[PDB]
Amino acid sequence: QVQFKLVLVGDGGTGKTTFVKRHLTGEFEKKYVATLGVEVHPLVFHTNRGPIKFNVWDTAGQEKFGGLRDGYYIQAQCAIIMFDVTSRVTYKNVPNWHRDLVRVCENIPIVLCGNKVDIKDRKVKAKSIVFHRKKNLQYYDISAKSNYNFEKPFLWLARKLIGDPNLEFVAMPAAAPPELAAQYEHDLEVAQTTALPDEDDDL
Amino acid sequence: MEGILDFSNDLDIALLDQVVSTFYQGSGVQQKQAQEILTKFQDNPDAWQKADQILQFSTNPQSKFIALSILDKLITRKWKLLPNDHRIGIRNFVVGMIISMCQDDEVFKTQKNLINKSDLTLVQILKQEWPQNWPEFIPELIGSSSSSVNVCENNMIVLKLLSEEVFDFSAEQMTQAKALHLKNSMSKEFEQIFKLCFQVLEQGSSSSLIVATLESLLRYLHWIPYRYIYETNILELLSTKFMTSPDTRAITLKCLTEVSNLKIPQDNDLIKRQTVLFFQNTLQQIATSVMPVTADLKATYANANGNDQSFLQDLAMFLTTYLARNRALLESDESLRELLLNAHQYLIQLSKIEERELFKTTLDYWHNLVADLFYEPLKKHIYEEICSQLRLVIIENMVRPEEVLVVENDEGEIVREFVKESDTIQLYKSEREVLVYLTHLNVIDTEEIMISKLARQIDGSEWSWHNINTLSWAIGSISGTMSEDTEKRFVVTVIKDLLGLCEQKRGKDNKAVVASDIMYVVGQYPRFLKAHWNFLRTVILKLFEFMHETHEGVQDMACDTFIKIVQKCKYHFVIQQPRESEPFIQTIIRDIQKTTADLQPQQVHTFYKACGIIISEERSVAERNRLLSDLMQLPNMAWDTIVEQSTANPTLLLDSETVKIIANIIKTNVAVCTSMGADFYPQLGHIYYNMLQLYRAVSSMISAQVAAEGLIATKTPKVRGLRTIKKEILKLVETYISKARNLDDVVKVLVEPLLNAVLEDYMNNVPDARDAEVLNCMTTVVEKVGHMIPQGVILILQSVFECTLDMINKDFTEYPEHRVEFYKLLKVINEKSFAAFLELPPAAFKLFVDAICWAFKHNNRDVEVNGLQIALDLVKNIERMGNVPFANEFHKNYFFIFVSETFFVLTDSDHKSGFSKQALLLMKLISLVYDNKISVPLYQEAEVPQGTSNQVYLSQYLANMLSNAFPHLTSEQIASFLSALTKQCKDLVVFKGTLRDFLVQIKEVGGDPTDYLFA
Amino acid sequence: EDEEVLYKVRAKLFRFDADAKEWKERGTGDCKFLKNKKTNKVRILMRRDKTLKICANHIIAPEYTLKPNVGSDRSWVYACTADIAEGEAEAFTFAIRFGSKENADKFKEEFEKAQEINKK
Ligand SMILES: Nc1nc2c(ncn2[C@@H]2O[C@H](COP(=O)(O)OP(=O)(O)OP(=O)(O)O)[C@@H](O)[C@H]2O)c(=O)[nH]1
Ligand SMILES: */C(S)=N/CC/C=C/[S@@](=O)c1cc(C(F)(F)F)cc(C(F)(F)F)c1
Ligand SMILES: [Cl-]
Ligand SMILES: [Mg+2]
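Residues numbered from 1 in each chain as written, not as in the entry; some residues may be left out. Chains lettered and ligands numbered in written order. Heavy atoms only, no water.

Method-wise, the PDB entry is recorded as coming from X-ray crystallography, at a reported resolution of 2.6000 Å.

The heading Function in the UniProt record of chain C holds the text "Important for the export of protein containing nuclear export signal (NES) out of the nucleus. Stimulates the GTPase activity of GSP1 and GSP2." In its Subunit section, UniProt records this for chain C: "Interacts with GSP1 and PRP20." (UniProt positions renumbered as here; feature names shortened; annotations may be inferred.)

Going by what the PDB entry lists, chain B is known as Exportin-1,Exportin-1 and is assigned to Saccharomyces cerevisiae. Looking at chain B in UniProt, the text filed under Function is "Receptor for the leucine-rich nuclear export signal (NES)." Regarding chain B, the UniProt comment filed under Sequence similarities reads as follows: "Belongs to the exportin family."

Undergrad: Provide a residue-level description of the site of ligand 2, including the pertinent values.
TA: All names here are of chain B. Near ligand 2 you find 13 residues, and of these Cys502, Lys511, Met519, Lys542 and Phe546 are the closest. With the chains in place, 86% of the 520 Å² that ligand 2 exposes on its own is no longer accessible. Of all the secondary structure elements, the ones that give two or more residues to the shell around ligand 2 are α24 (484-504), α25 (508-524) and α27 (533-546). Top element by residues in the shell around ligand 2 is α27. It accounts for 6 residues. Its residues placed into classes, the shell around ligand 2 shows 10 nonpolar, 1 polar and 2 charged. (Near = heavy atom within 4 Å. Areas by Shrake-Rupley, 256 points an atom, 1.4 Å probe, with all protein chains shown as cover. Helix = DSSP H or I, 4+ residues; strand = E, 2+ residues; numbered from the N terminus. Nonpolar A, V, L, I, M, F, W, Y, C, P; charged D, E, K, R; others polar.)

Undergrad: Please provide a residue-by-residue account of the coordination of the magnesium ion (ligand 4), values included.
TA: Only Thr17(A) (OG1) and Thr35(A) (OG1) from the protein reach the magnesium ion (ligand 4) as donors, at distances of 2.2 Å. Separated by 18 residues along the polypeptide, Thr17(A) in helix α1 (residues 16-25) and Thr35(A) in the loop between α1 and β2 (38-47) bring together distant segments of the chain. (Donors = N, O, S within 2.8 Å, 3.2 Å for Na, K, Ca; no water.)

Undergrad: Pulling in residues and values, what's your account of the interface of chain A and chain B?
TA: Each side of the interface is counted separately: chain A has 45 residues, and chain B has 53 residues. Of the roughly 4,100 Å² buried where chain A meets chain B, counting both sides, 45% is carbon and sulfur surface. Interface area lost by chain A to chain B is led by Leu68(A), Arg103(A) and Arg133(A), which between them contribute 18%. Note that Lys127(A) is salt-bridged to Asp364(B), the shortest N-O span being 3.5 Å. Summed over the shared surface of chain A and chain B, the number is 25 residue pairs in polar contact. Those elements that provide at least two residues to the side of chain A that touches chain B are β2, α2 (88-92), α3 (94-104), α4 (131-134) and β6 (138-141) of chain A. Counting residues per element, the side of chain A that touches chain B draws most heavily on α3(A), which supplies 5 residues. Among the residues making up the side of chain A that touches chain B, the classes are represented as 17 nonpolar, 12 polar and 16 charged. (Contact = heavy atoms within 4.5 Å. Buried area = accessible area lost by both parts, 1.4 Å probe. Salt bridge = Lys/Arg side-chain N within 4 Å of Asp/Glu carboxyl O. Polar contact = N/O pair within 3.5 Å; in protein donor to acceptor, adjacent residues only side chain to side chain.)

Undergrad: Give a description of the site of ligand 1 that names residues and reports values.
TA: All names here are of chain A. With respect to spatial proximity, 27 residues lie near ligand 1, and among them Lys16, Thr18, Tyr32, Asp118 and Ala144 are the closest. Here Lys16 contributes a side-chain N or O atom positioned 2.7 Å from an oxygen atom of ligand 1. In isolation ligand 1 offers 660 Å² of accessible surface; the protein chains occlude 92% of this area. When residues of the shell around ligand 1 are assigned to their parent elements, the largest contribution, 3 residues, is made by α1. For the shell around ligand 1, the class distribution of residues is 7 nonpolar, 12 polar and 8 charged.

Put into structure tokens, the structure is as follows:
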């Protein structure tokens, strides 16, 4: 296990933190708590070429909460630029994020991601998205909510960093599992009587 | 670690260098605290005074990078504010430390990040000071370039970044006047920059200096005159020499691409020839130095050595960019024919690469080409052989169309798709367009290819799921391009062959693939089906067999195929065909229960929707109504039995099986109504009064359950089921009214029982029990018949306005549907029945104005737009009232509320996406006083002198507002901005420009007030 | 290959955050019941789709009881004292939702078969 610094950039509310959390814990955070500066999160995938670890530098998209700004990109070995397909202004600012990113990270694999494709009223159409071609970025339509192509940016980055385009995610074999009380039935009560979110979802 | 925050003591650099090392090279909790210390250190306003100390004494390159970040912020914002000895002093240690790092070969090699930042930080100074306070910069930069090679190379980085900041990223970040000032300054001194740039290119050949010089060249190509490129040898150097070394190749190919994209003075034969020549050279170097035209570029990209993928990406971008613009230069001359076809043969090979985004880049080109070949006389014969290959490339890489609902999973079985693949829909459309054009350009070649592929699928020598799928999807995609007689035999052969595969191939899996392809093909060829009834009948009966299939993909696709066929072939179902005792719609309706027995409820509703499409084709009103009645036999009998039981109770609805029966009856009514529209009225009339009674009964039980079990009840299955019944009843009415032709019967029969059922119920329920679909249903009622029921619009407002506004004014997050549907309803009311807002008592009309400015402040795009649109339309509404008491009292109460609130969202950074509409709204408000369309004074009688014009008071108000809102602006900056802003209120593109200038000046101190005299 | 697959079904798993007082998704994918042929002891093993990361790995203990969630007719909520999906053996309050009530009922039925096998 070698580790690669990934920087995650993009406009406010595009779904960067939601995306990372989804990969870390499996959760879908519905609240928008704006990142202050950066949150570093280790994130491991298991491949047929061994474990690959990313140090995911989850940067802040809002200007006022920006922090060190381009200082977060130093020694980054890859990156994800994120925008929201339900707002044009986040796609319009993709060149600004890229510009600041490639000034520091001159030669690194970058993914461009169009988040929130699960929303019906799509504003940035598929044919509009072409900025990645000249700048040699990989592009994926994604949704942190529906998990649409959620694994692709990491699969692709892993292939480039390890340098094997036949690299695949694999399942690690699971060890056989093993064979407070006054608050555990209190949790079990409030859990049964708290409703599971999104009960209209197909799962 | 926290000692660096305290500036009462001197800054400890060795401490700083470790908190930085802890941040980048460390982890965990130590990393998190170190980042907070660094952000507070950065954000301290006196931190820049420590930057020269850091640049001299610091040992850590990242500490120095952050020191330059603090300066970057100082220079872009508070530069003007500084004493002139600080400005001239900061310039000295930046210029002095850039040259320091370039003399040290090891620092120049190993610390490129710190050098690029120092260069960027210099360019920020140049934006401020150059050329007015630094006239000698460019001649001294050229003078320094002769001495050292590291200095020369780094100057190319400074000139690159300066070109970026002035021409590429100035539109947002600078005032119009200052962007123009800087562009003209560079444009004025580019003569001697290019002279250096070009002599360096002739004297290096391949190295880091040559790359950096070519990097800056790429930026110059974005803006410089055409004479610099075409009246110098430089096209020869790019197209020959710099193509041969791989270090220069990537950046050269990008330069040439930018050059290639230019439009040519087509009068000139010399530039035309030069444009042919650099292409001719570039292609020659690719053939000799990289790979020949025959090379398997698919395998190369897939192996992914070095920059091979980036190179092939850039080649594709270069070839397509050039050939889209300039391929006509190669098309007449017979000696240039081989060059034209080689370049296209490279694209044919690039197009075989498995990489979707690259494929889209190439496909976009092929579309451009085949489109031109379709319309341009005498072009298609040139590309016969290129097109012939492209048909094969596209047929073999057809993506799964939307309609095909079966896929292969990671296990390796043919399974229903879990979700829709949203990203391949545009890719399919793009492929179909190109493949359609190619089929038109040679219909014989396309048939032969597809049939010979289909022959090898039968004999088994090329059988797989990928091959048969792609073939069938392509066969389907080209529906329309053959003649009727050719399609006749073509489709017969395809079907008869696909049926052969059905027989031979065994298993659950194989049978599902072939059926999904047969379904796709059949559904794509309605013209065939219409001319061949016996076949159409057989198809439809086979689809009905598939509705009983244990495989769900096949089942679900048969329903979608059925609906798809009937949308196009409906007429052949309503007539009585030869050899048939009756119309086929009769037969379908008769066995409807038997046919749909194994279908899920939503699939049954599609089936009913399909029957609806057919029935609406019957133009005899007696017979259409009868068919409608026969179709609705099962749901009407279920419905009549439910009302007899609900008459006896109405507590029997608590039984959740009854709730589901009810919901599906309404859903079936909704489904038939969507296809039938205005023709559905007789079925609606049959159930309408009992339905709105059931709405009340269902609404009782919801409220009763909320009181009995708490707000949590709204999450339970039984209540959500009861809520569904209400949503679907509202959907049915919304759907009918939205398509109804006879608006008199809507107003007389439907509207008044509806309002009585839903409005008082909505109003009297708790927030969490209120269905937002009430609001949506009313939006449609007002939209279609709002003008006809002005007294009914008032009743809608009174019931939904204040209780809904109270749900959505605590924060921006809660009740998101209600939020959205609320402002839609207010929007359509304000357009269609504005009178309703005049009858609101004064205090409620205040809440309405508060409701609109609340919409402005939303980040939510749907709310924000409707907020700004209501504001716009409200001003027009009040304007058209003329000089009357309500308009006068409006302007006295709410004019400056709208002006100030519109100004808040322009200026606060967090409502950027509404800039256009905000600007338009603000222009319309300001226009009123400069046309004198506000008849009364806008001020208190003794606030200003007597008889002062509204134009004077408006400037005086805004001056004061902005002065308090932005105390760092000077009086002159404000006075200049408003002078400009007011007299541009009949010129929106300039008005918007003057706003963006303002937005730039408020992010800094000491902005130039003359900037606002730009137009 | 050490384990017989007794029952497999597509599902969405949640864990209850007690402090936030809300449910959070842990994974979506195939929930398998795996019968160890050496020990004859059944466990839940669940992997996330695509990434194949383990979102549930615990014994179907006899002590556990499947209780309904107030908001769902196609889910079960239960307390689990030893899940080893994310490394160390932690306690959790899981809920698990399925595509339909029919699937949820068959899950309950098979979960209790598994409990009787683990009881021996
Ligand atoms: N519909 C939909 N919503 C999403 C998706 N991803 C994220 N969101 C929502 O949009 C918001 C995004 O929040 P974050 O992920 O914190 O945004 P961010 O990019 O981290 O923003 P900053 O922290 O300001 O940089 C949240 O409220 C999410 O629930 C998605 O794929 N689909
Ligand atoms: C082989 S693929 N066996 C399983 C499915 C059978 C297909 S053929 O019976 C078939 C399918 C269809 C379709 F898809 F319904 F349109 C039509 C026809 C027919 F030839 F038109 F009858 C046959
Ligand atoms: Cl002044
Ligand atoms: Mg964030």
